[PDB]
Amino acid sequence: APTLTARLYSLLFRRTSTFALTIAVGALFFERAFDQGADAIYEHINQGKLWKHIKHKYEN
Amino acid sequence: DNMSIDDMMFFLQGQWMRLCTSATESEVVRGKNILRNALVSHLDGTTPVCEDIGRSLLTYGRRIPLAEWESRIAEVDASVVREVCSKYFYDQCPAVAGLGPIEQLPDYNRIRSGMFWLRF
Amino acid sequence: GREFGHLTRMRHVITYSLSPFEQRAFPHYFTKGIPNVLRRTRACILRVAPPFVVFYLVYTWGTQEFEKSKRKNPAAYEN
Amino acid sequence: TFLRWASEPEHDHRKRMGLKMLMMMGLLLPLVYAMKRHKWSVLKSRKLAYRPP
Amino acid sequence: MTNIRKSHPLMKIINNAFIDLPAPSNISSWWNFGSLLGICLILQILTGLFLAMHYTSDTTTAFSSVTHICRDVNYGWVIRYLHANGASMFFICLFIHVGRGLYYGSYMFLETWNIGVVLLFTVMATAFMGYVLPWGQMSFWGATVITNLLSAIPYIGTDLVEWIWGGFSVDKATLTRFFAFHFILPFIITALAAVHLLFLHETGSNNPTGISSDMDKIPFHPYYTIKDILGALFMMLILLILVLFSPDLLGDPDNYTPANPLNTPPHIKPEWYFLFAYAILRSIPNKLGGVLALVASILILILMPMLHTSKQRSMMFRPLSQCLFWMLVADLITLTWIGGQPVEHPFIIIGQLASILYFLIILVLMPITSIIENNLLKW
Amino acid sequence: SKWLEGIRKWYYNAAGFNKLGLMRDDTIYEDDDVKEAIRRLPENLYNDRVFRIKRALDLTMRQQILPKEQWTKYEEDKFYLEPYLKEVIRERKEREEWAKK
Amino acid sequence: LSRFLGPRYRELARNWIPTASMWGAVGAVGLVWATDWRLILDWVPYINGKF
């Protein structure tokens, strides 16, 4: 009964080509996810100050 | 020689990886023929034949007949060789023993790195 | 010139090593590492700290003395 | 506050980039350290024995 | 067949340099500061190249160009503060490397040490000329004072100063010259660093214990490569902390005012890396004496190999020498602090005593102490 | 003498080459005279010196010190290289003196 | 300095002093010529015409 990690190795990490493709796709998705999450964190920490948080009052 | 260890290790690991990744039919036929000749030539004379009988009974539980060996050899193809070599030789940690002027022998990290190809 | 083959002559020195994949990256990292760090700090501190302690004393003395120098002297305006 | 914005108009963007770099470093530094340890474990666990004749 | 890494000429050089280079197994994290310096140099070159795409060397447009980079070039502030704080990190790594060389006896590699001293001089010149480029008040007046120091040279000082100035005082000509020199010098620094690494590879690398490590050499590619990458990551962490949280921590606020040649700033102090030399200069009352002392401060590294008297290369096994070395480091911090502080009653005497102690520690106390240690070891 | 021996022993313990298993001559700087002296050493002493140095470099690699029972004692430290180094320096002094006149 | 204090080196200094003095003159003339040092050049008769 292979574990998750062994499964990951035998599926994607064994040959460098699949490794690199995994790295690229993970890179794209991680970039998206980290950007979203960090932006959420920064906005929450600075909630009420950012122009995006107050533009509605002065817009329209 | 003391100054040729690194080169020979590089070539040996290169051959291992070449068999693992891009073995060809012709060399497979050569290997099968060599194996057939070794099997038939070794089992010549009462002493080697008796040795094979005893060792085969102890290990295989049966003396595999030469015809069975020939059939199993004939089943071998380039795909089979690549599969088995990838299973046993590729990205596997090796065991190394050195004796004498072995300073040029690559450090174990380099030896393990040689066991896989970044191209493949 | 300096290549692995002919660096030096050594005899009868046997070295046993383990594959990275067979051994843990962080073995006893805190159970052994923290005592070792404490030992290293103990060995070094007597030699290292005192010069910086003297520097801190000098710095505090200089800052305080400058602040006193800028301060007014009552005797100058006694008359 | 307006004068501070004038002097440093990239202030909020600088803070955002600083947060992102802090998180990315907090991720990477342990991982690169782990890679270094994995490569160095062969030497760290190396046992040398002198066996003179 | 042959391995291309070992047979192709460019690949052969690269291999012998940073792939199969026999490196000692026990070099500490103090041996990553050299690679950190190389990374800093490459980073400074790239960042300065991107800055120069928007920098103009005319006095009418210098400060306006810097403001244009800061506010209008996309991500211009990142590049600019990366350069400014990377210079400080550069000098941090330079000082740490010099300290490592003193402590572990790396100065015994005469050729590498002397090339390193030349690199130090060139890097300090590059930093000074670069600081003039923003053309703030600090740039102008610090340039005036530092260049005016050269006038103390007898019989040729005035002519040499006016030649460097390009005129009667610091002005547009000087700014343009400093831009050209600050551009060209880093590449000379790279060439000198290549010669530096060549001389180093000729004799190998000294280990912390100070004993020859030919028995225990390990390849550079599978170990120190990842170790240096890690050091680069840590250095980048520190640098990005500076860039993205305290971008003006190490810079004087006055440099954000346009240079006024008719009014001086309240305080005229050079950058922090030059502060110890500035304090030494101020210590000596005579101008020529001050200039000579400032030169000797750096040139003493040339005499350091001659001063070596211990039978042991490294200070790891010499406790008293370690006490002297840390006294010297504390003295350097003291000199930097005094050079920061204004010239007044408390600071003057501390600076004079600190400079005297610096020269004494390097010249007299350390060799005598090493001789005493040799006697103690019965050597 | 006892006072001098006491201060020498204090310095010996203050220096860490005993902690790493090295002897005093193991820590000498390898100048040309020292290189010739090492070259002239008998095989047993050369191999022992090489192993002690390698073990010390290994210990410093992991920032560890040898167990206190294995520390080299001040009394048992033997200056193996010193006779050979003295002979080499004597030969060098003779050559320099001949060169002088 | 200890090695280079003997009869032979004192002879060797005497042999190379005329050469060292000659090269020093070459440096002295070259510096004056390159810099057009008017202090020294005024004494020389023909070159004095420059100024």
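All chains are identified by letter, namely A, B, C, D, E, F and G, in their written order; residue positions are counted from 1 within each chain.
Keep this in mind: a contact is a pair of C-beta atoms (placed from the backbone, for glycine too) under 8 Å apart; a residue touches a chain by one contact, two chains touch by 3 or more.
Just so we're on the same page, UniProt names per chain: A = Complex III subunit 9; C = Cytochrome b-c1 complex subunit 8; E = Cytochrome b; F = Cytochrome b-c1 complex subunit 7; G = Cytochrome b-c1 complex subunit 10.
Asks: Quickly list, by label, the chains bordering both chain C and chain E.
Replies: Touches both chain C and chain E: B, D, F.
Asks: Just the number, please: Cα centre separation of chain C and chain F in whole Å.
Replies: So the centroids are 27 Å from each other.
Asks: Measure off the straight-line distance from the CA centroid of chain E to the CA centroid of chain G, and report it in whole Å.
Replies: 37
Asks: Approximately how many whole Å separate the CA-defined centres of chain B and chain E?
Replies: 57
Asks: List the centre-to-centre spacing of chain D and chain E in whole Å, with centres computed as mean CA coordinates.
Replies: 24
Asks: Pull out every residue in chain A that's touching 2 or more other chains.
Replies: Expected reply: no residues.
Asks: For chain C, what residues touch not just one other chain but two or more?
Replies: Residues 3-4, 7-8, 10, 12-13, 17, 19-20.
Asks: Residues of chain B touching 2+ other chains?
Replies: 107-109
Asks: Any two chains that touch count here, so list every such pair.
Replies: A-B, A-D, B-C, B-D, B-E, C-D, C-E, C-F, D-E, D-F, E-F, F-G
Asks: Which of the residues in chain B end up touching chain A in this complex?
Replies: It is residues 90-91, 116-120 of chain B that touch chain A.
Asks: Going by the contact rule at the top, pick out the chain D residues touching chain A in the complex.
Replies: These residues of chain D touch chain A: 12, 15-16, 19-20, 23-24.
Asks: Considering only the defined contacts, which chain F positions touch chain D in the complex?
Replies: Residues 44, 47-48, 51, 54-55, 58, 61-62.
Asks: Of all residues in chain D, which touch chain F in the complex?
Replies: Residues 43-44, 46, 48, 50, 52.
Asks: For chain C, which residues count as touching chain D in their complex?
Replies: Per the stated touch rule, the residues are 12-20, 23-27.
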